[PDB]
Amino acid sequence: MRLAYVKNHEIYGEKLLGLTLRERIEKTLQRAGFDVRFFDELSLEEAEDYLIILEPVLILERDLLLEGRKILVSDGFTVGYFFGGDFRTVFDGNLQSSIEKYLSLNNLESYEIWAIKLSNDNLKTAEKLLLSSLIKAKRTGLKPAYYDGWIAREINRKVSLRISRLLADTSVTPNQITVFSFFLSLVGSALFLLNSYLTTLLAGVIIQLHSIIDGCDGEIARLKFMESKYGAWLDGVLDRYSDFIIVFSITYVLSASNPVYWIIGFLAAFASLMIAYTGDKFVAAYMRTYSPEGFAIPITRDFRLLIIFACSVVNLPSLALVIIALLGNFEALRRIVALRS
Amino acid sequence: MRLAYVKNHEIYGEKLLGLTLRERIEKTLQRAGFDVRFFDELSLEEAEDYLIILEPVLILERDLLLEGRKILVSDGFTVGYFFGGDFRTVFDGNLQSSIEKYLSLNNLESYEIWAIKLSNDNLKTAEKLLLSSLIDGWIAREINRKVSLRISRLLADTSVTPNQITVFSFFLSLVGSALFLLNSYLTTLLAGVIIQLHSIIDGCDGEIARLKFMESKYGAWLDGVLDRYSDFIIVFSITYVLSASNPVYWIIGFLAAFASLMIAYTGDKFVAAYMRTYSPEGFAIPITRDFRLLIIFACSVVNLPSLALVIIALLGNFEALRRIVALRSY
Ligand SMILES: Nc1ccn([C@@H]2O[C@H](COP(=O)(O)O)[C@@H](O)[C@H]2O)c(=O)n1
Ligand SMILES: [Ca+2]
Ligand SMILES: [Ca+2]
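Residues numbered from 1 in each chain as written, not as in the entry; some residues may be left out. Chains lettered and ligands numbered in written order. Heavy atoms only, no water. Residues with missing side-chain atoms left out of burial classes, pairs and counts.

Overview of the interface of chain A and chain B
Logical step 1: Taken residue by residue, the interface counts 40 residues in chain A and 40 residues in chain B.
Logical step 2: The set of elements that each furnish at least two residues to the side of chain A that touches chain B consists of helix 8 (229–255), helix 9 (260–286) and helix 11 (317–339) of chain A.
Logical step 3: When grouped by side-chain class, the residues that make up the side of chain A that touches chain B number 30 nonpolar, 4 polar and 6 charged. (Contact = heavy atoms within 4.5 Å. Helix = DSSP H or I, 4+ residues; strand = E, 2+ residues; numbered from the N terminus. Nonpolar A, V, L, I, M, F, W, Y, C, P; charged D, E, K, R; others polar.)

Notes on the site of ligand 1
Residue and element names in this part refer to chain A.
Logical step 1: Near ligand 1 you find 16 residues, and of these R157, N175, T178, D217 and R222 are the closest.
Logical step 2: Interatomic distance of 2.9 Å between a side-chain N/O atom of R157 and an oxygen atom of ligand 1.
Logical step 3: In the model, an oxygen atom of ligand 1 is placed 2.8 Å from a nitrogen or oxygen of the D217 side chain.
Logical step 4: Of all the elements in the fold, those that place two or more residues in the shell around ligand 1 are helix 5 (174–193), helix 7 (216–223) and helix 8.
Logical step 5: Ranked by residues supplied to the shell around ligand 1, first place goes to helix 7 with 4 residues.
Logical step 6: For the shell around ligand 1, the per-class residue count stands at 3 nonpolar, 6 polar and 7 charged. (Near = heavy atom within 4 Å. Polar contact = N/O pair within 3.5 Å; in protein donor to acceptor, adjacent residues only side chain to side chain.)

Section: the packing of aromatic side chains
Aromatic ring pairs are described here by two measures, namely the spacing of the ring centres and the angle between the planes.
Logical step 1: Across all of its chains, the model carries 46 aromatic pairs over all chains by this definition.
Logical step 2: Where A:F83 meets A:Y102, the ring centres are 4.2 Å apart and the plane angle is 40°; that geometry is what we call tilted. On the criterion of sequence distance, the pair formed by A:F83 in strand 8 (residues 77–84) and A:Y102 in helix 2 (residues 95–105) is long-range, its members being 19 residues apart. As far as the burial class goes, A:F83 and A:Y102 line up, both buried.
Logical step 3: Their ring planes at 40° and their centres at 6.0 Å tell us that A:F266 and B:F232 sit as a pair that is tilted. Within this pair, whereas A:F266 is found in helix 9, its partner B:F232 is found in helix 8 (residues 217–243), the two belonging to separate chains. Side by side, A:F266 and B:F232 carry an identical accessibility label, which is buried.
Logical step 4: Above the ring of B:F38, the side-chain terminus of B:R22 is found at 3.8 Å from the ring centroid. (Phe/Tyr/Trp six-rings, centres within 6.5 Å; stacked < 30°, edge-to-face > 60°. Buried < 20%, exposed > 50% of the residue type's maximum accessible area, 1.4 Å probe, protein only. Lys NZ or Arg CZ within 6 Å of the ring centre and 35° of its normal.)

Let's talk about the coordination of the calcium ion (ligand 2)
Residue and element names in this part refer to chain A.
Logical step 1: Distances from the calcium ion (ligand 2) to its protein donors, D214 (O), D214 (OD), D214 (OD), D217 (OD), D217 (OD), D235 (OD) and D235 (OD), fall at 2.3 to 3.1 Å.
Logical step 2: Written as a sequence motif, the donor arrangement for the calcium ion (ligand 2) is D-x2-D-x17-D. Here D235 lies in helix 8 and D214 lies in the loop between helix 6 (197–213) and helix 7, a separation of 21 residues in the sequence.
Logical step 3: We classify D214 as buried; its relative accessible area is 12%. (Donors = N, O, S within 2.8 Å, 3.2 Å for Na, K, Ca; no water.)

Things to note about the UniProt feature "transmembrane region" (unreviewed entry) in chain A
Residue and element names in this part refer to chain A.
Logical step 1: The positions that UniProt labels "transmembrane region" (unreviewed entry) are, in the present scheme, residues 182–209, 260–279 and 305–327.
Logical step 2: Across residues 182–209, helical content stands at 89% and strand content at 0%; the span's end C-alpha atoms are separated by 11 Å.
Logical step 3: Taken end to end, residues 260–279 is 100% helix and 0% strand, and its two terminal C-alpha atoms sit 30 Å from one another. (UniProt positions renumbered as here; feature names shortened; annotations may be inferred.)

Considerations on the domain arrangement of chain B
All names here are of chain B.
Logical step 1: One can read the domain layout of chain B as domain 1 (1–135) and domain 2 (136–330).
Logical step 2: Across the contact, 12 residues belong to domain 1 and 10 residues belong to domain 2.
Logical step 3: Where the side of domain 1 that touches domain 2 is concerned, the elements lending two or more residues are helix 1 (21–31) and helix 3 (123–132). (Domains from an automatic or database assignment.)

A word on the coordination of the calcium ion (ligand 3)
Residue and element names in this part refer to chain B.
Logical step 1: Protein-derived ligands of the calcium ion (ligand 3) are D202 (OD), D223 (OD) and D227 (OD), with the metal-ligand distances lying across 2.3 to 2.6 Å.
Logical step 2: Sequence spacing of the donors to the calcium ion (ligand 3): D-x20-D-x3-D. Pair noted here: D202 is in the loop between helix 6 (185–201) and helix 7 (204–211) and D223 is in helix 8, with a separation of 21 residues, a long-range link.
Logical step 3: You can call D202 buried: its relative accessible area is 6%.

Let's talk about the nonpolar core
Logical step 1: One finds A:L29, A:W233, B:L29 and B:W221 to be the most contacted residues of the largest nonpolar core, which totals 174 residues.
Logical step 2: In terms of residue count, the dominant contributor to this core is helix 9 of chain A (16 residues).
Logical step 3: Every residue in contact with A:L29, bar those within four places of it in the chain, is listed here: A:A4, A:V6, A:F34, A:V36, A:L51, A:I53 and A:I59.
Logical step 4: The next biggest cluster of nonpolar side chains, apart from the first, holds 19 residues, and it includes A:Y5, A:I52, A:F87 and A:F91. (Core = buried A, V, L, I, M, F, W, Y, C linked by side-chain atoms within 4.5 Å.)

Printed below as a string of structure tokens:
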């Protein structure tokens, strides 16, 4: 057992994006493997490790790991104290004094964690930073199947985070967003079948909307601590259905004009599914996030859907199939070669 | 650090399926987290734990776990002694005496492990049991393994690696696919046979990996990836030929390919998300890879590969859907 002692402050009672700052620090520290104790006056109980947090803080990092004596800091400011079990031998019933003594006996290295000290002044800033911590990027401490591609990071998350901000104050769940997003991909696919510029343009727009909103399920999951194994599985599975059905619809319409597009469609669908499969099979076999260093063809899902959108607005959905088939199949083969080392 | 002391025996020098019995017990005990010491006369070094093996044995368990002092037995026969660090406080330079003493101070429980005591008599039996200890579905396990183990038995005494088998297996699937493209009953029949051969041989990579301690993460990744390529290319080849007679088969082929890929994806995504093997506890539609290839083989021998596409498209898509619903609880 590891104990996290958190000193009470009235500001913890304030709600930030659907949860009190109190439950936020509680849930983050629990995820980090600590039993939490809020206190006005500290009474020390037995544990292997002690984490002490005196000033009100919002922890933004996702995968906090605490091994060995350290002082936790955020931009030079002390966030909390991580003391060893031997703190018992020092504690004299006065917290202020006992910390002073323990620090004089030890030479604690400072350790940087992503956090923001809470004040009545800067909650708007806390909100902005909390939202920014929801993206799938190694910078946040998250450890997903794989991280956001460049389009996701610089285009799509900018929009979806603003949607998630509004959803945070509702009862909407991640699984509901995942299913709704899947449904949107079906609407887009149906629009392709109507075989006209107007509906093809609309299909493209709705597919890019789908791409954006598909980021909200993960954002809300992380934002309200509603992540689940099934949720991660379902989101991946339905994204595969979406990718296939979108290509199927475009291919089906085009095949009336030239049967050669069945071949291109087959290859585009295969490529789309295999970019996802090579990544998830990596996680399955290696038990770590898939995240290659250096060169890689940008043909992850955020790119594929943007390409479908762009080609659709100029009424050339056929071109999207060609690009995905080419780029996607080359990237899959490249991944095979690159991973051997 | 934990030390495994293994008494020398001439029988350890004999090769069993590509490795000496010495190398086998060494690698098994290393995998289990022990540093190995072969000995005629025992000299004790410092460690948290001691494992002592006096009689020549082949250990068949792959994930051996030793927590707390025990006597290791196989069908009542003592395989080895697992003593605590305090054995140091007892050891007097004579192994026989020290074991007697340590056992009189302790009341060790017996712990059952899968192993076989080695003699010049039962090495044929050792080979059979070792092959049997090497672990896509019920067809794979209960039909195909009967043939693949016999192939793996022969490959074990060569330098062939799991990755080489995986790539050769992939190549066979391409040969089968090419045969479908030639569009005649004879070549469709041959395609079916080669696809089932591919199914059988594809299990050899895992057998050889475990048998020769050559498992790797990349090997597991590569087999899965190339199996997806194979499933797609086989269906593509059948569909392409059929599309000449009726374009509706493009649709069925599309659905058969998707189904094949999604059965694999739902399974591997499960491992990625849950960090456990995917294994339903009750009913499931039998449409894992071993079944799919058998269906293609069977339909091909009566010149109806089109029926294989319909069956895979139907069973595979329903099974994917079933998994979605079922896992909402699991
Ligand atoms: N229904 C959902 C959707 C996403 N998630 C979480 O979000 C991750 C995916 O993030 P994105 O949706 O932002 O790409 C999943 O792997 C899982 O950790 C979830 O837990 N339940
Ligand atoms: Ca999503
Ligand atoms: Ca396989």
